[PDB]
>>> print(open('input_6.pdb').read())   # PDB, N, CA and C atoms
ATOM      1  N   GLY T   1       5.137   8.695  -1.031  1.00  0.00           N
ATOM      2  CA  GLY T   1       5.213  10.062  -1.510  1.00  0.00           C
ATOM      3  C   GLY T   1       4.130  10.381  -2.521  1.00  0.00           C
ATOM      4  N   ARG T   2       4.540  10.682  -3.751  1.00  0.00           N
ATOM      5  CA  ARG T   2       3.595  11.010  -4.811  1.00  0.00           C
ATOM      6  C   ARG T   2       3.288   9.784  -5.663  1.00  0.00           C
ATOM      7  N   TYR T   3       2.957   8.679  -5.005  1.00  0.00           N
ATOM      8  CA  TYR T   3       2.644   7.437  -5.702  1.00  0.00           C
ATOM      9  C   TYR T   3       1.876   6.481  -4.793  1.00  0.00           C
ATOM     10  N   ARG T   4       1.004   5.677  -5.394  1.00  0.00           N
ATOM     11  CA  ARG T   4       0.207   4.718  -4.641  1.00  0.00           C
ATOM     12  C   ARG T   4       0.775   3.309  -4.783  1.00  0.00           C
ATOM     13  N   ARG T   5       1.068   2.677  -3.652  1.00  0.00           N
ATOM     14  CA  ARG T   5       1.620   1.328  -3.650  1.00  0.00           C
ATOM     15  C   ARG T   5       0.673   0.354  -2.954  1.00  0.00           C
ATOM     16  N   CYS T   6       0.805  -0.928  -3.281  1.00  0.00           N
ATOM     17  CA  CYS T   6      -0.039  -1.958  -2.689  1.00  0.00           C
ATOM     18  C   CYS T   6       0.772  -3.214  -2.381  1.00  0.00           C
ATOM     19  N   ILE T   7       0.841  -3.567  -1.101  1.00  0.00           N
ATOM     20  CA  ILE T   7       1.583  -4.746  -0.673  1.00  0.00           C
ATOM     21  C   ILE T   7       0.644  -5.826  -0.149  1.00  0.00           C
ATOM     22  N   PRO T   8       1.089  -7.090  -0.233  1.00  0.00           N
ATOM     23  CA  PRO T   8       0.304  -8.237   0.230  1.00  0.00           C
ATOM     24  C   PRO T   8       0.177  -8.279   1.750  1.00  0.00           C
ATOM     25  N   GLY T   9      -1.059  -8.348   2.233  1.00  0.00           N
ATOM     26  CA  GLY T   9      -1.292  -8.394   3.666  1.00  0.00           C
ATOM     27  C   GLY T   9      -1.689  -9.775   4.146  1.00  0.00           C
ATOM     28  N   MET T  10      -2.089  -9.869   5.410  1.00  0.00           N
ATOM     29  CA  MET T  10      -2.495 -11.145   5.990  1.00  0.00           C
ATOM     30  C   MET T  10      -4.015 -11.255   6.042  1.00  0.00           C
ATOM     31  N   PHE T  11      -4.689 -10.111   6.085  1.00  0.00           N
ATOM     32  CA  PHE T  11      -6.144 -10.081   6.140  1.00  0.00           C
ATOM     33  C   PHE T  11      -6.721  -9.402   4.900  1.00  0.00           C
ATOM     34  N   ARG T  12      -6.069  -8.332   4.462  1.00  0.00           N
ATOM     35  CA  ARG T  12      -6.516  -7.591   3.288  1.00  0.00           C
ATOM     36  C   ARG T  12      -5.357  -6.831   2.650  1.00  0.00           C
ATOM     37  N   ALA T  13      -5.582  -6.327   1.442  1.00  0.00           N
ATOM     38  CA  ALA T  13      -4.557  -5.577   0.726  1.00  0.00           C
ATOM     39  C   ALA T  13      -4.165  -4.316   1.488  1.00  0.00           C
ATOM     40  N   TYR T  14      -2.866  -4.139   1.700  1.00  0.00           N
ATOM     41  CA  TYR T  14      -2.360  -2.977   2.420  1.00  0.00           C
ATOM     42  C   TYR T  14      -1.666  -2.006   1.469  1.00  0.00           C
ATOM     43  N   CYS T  15      -2.383  -0.956   1.080  1.00  0.00           N
ATOM     44  CA  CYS T  15      -1.839   0.046   0.172  1.00  0.00           C
ATOM     45  C   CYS T  15      -1.440   1.308   0.932  1.00  0.00           C
ATOM     46  N   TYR T  16      -0.542   2.087   0.342  1.00  0.00           N
ATOM     47  CA  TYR T  16      -0.072   3.321   0.963  1.00  0.00           C
ATOM     48  C   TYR T  16       0.395   4.318  -0.092  1.00  0.00           C
ATOM     49  N   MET T  17       0.739   5.523   0.355  1.00  0.00           N
ATOM     50  CA  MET T  17       1.204   6.568  -0.548  1.00  0.00           C
ATOM     51  C   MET T  17       2.705   6.790  -0.397  1.00  0.00           C
ATOM     52  N   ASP T  18       3.484   6.131  -1.247  1.00  0.00           N
ATOM     53  CA  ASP T  18       4.938   6.258  -1.208  1.00  0.00           C
ATOM     54  C   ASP T  18       5.382   7.600  -1.777  1.00  0.00           C
TER      55      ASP T  18
END
>>> encode(input="input_6.pdb", output="structure tokens")
Amino acid sequence: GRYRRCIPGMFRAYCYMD
């Protein structure tokens, strides 16, 4: 939504807009 999140990936950092 109105926030930026970052989760651990297998190849690279996977961020999104929660």
>>> atom_distance(input="input_6.pdb", atom1="atom C of residue 14 (chain T)", atom2="atom N of residue 2 (chain T)")
15.1 Å
>>> select_by_dssp(input="input_6.pdb", residues="chain T", states="strand (DSSP E or B)", output="JSON, numbers by chain")
{"T": [4, 5, 6, 7, 14, 15, 16, 17]}
>>> write_last_selection(input="input_6.pdb", atoms="N, CA and C atoms", output="short mmCIF file (atom, residue, chain, number, x, y, z; two decimals), keeping the file's coordinate frame")
data_model
loop_
_atom_site.label_atom_id
_atom_site.label_comp_id
_atom_site.auth_asym_id
_atom_site.auth_seq_id
_atom_site.Cartn_x
_atom_site.Cartn_y
_atom_site.Cartn_z
N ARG T 4 1.00 5.68 -5.39
CA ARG T 4 0.21 4.72 -4.64
C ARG T 4 0.78 3.31 -4.78
N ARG T 5 1.07 2.68 -3.65
CA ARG T 5 1.62 1.33 -3.65
C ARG T 5 0.67 0.35 -2.95
N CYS T 6 0.80 -0.93 -3.28
CA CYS T 6 -0.04 -1.96 -2.69
C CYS T 6 0.77 -3.21 -2.38
N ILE T 7 0.84 -3.57 -1.10
CA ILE T 7 1.58 -4.75 -0.67
C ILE T 7 0.64 -5.83 -0.15
N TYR T 14 -2.87 -4.14 1.70
CA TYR T 14 -2.36 -2.98 2.42
C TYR T 14 -1.67 -2.01 1.47
N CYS T 15 -2.38 -0.96 1.08
CA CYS T 15 -1.84 0.05 0.17
C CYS T 15 -1.44 1.31 0.93
N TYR T 16 -0.54 2.09 0.34
CA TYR T 16 -0.07 3.32 0.96
C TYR T 16 0.40 4.32 -0.09
N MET T 17 0.74 5.52 0.36
CA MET T 17 1.20 6.57 -0.55
C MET T 17 2.70 6.79 -0.40
#
>>> residues_around(input="input_6.pdb", residues="residue 15 (chain T)", least_positions_apart="3", cutoff="6.5 Å", atoms="all atoms listed in the file", output="ChimeraX atom specification")
/T:4-7
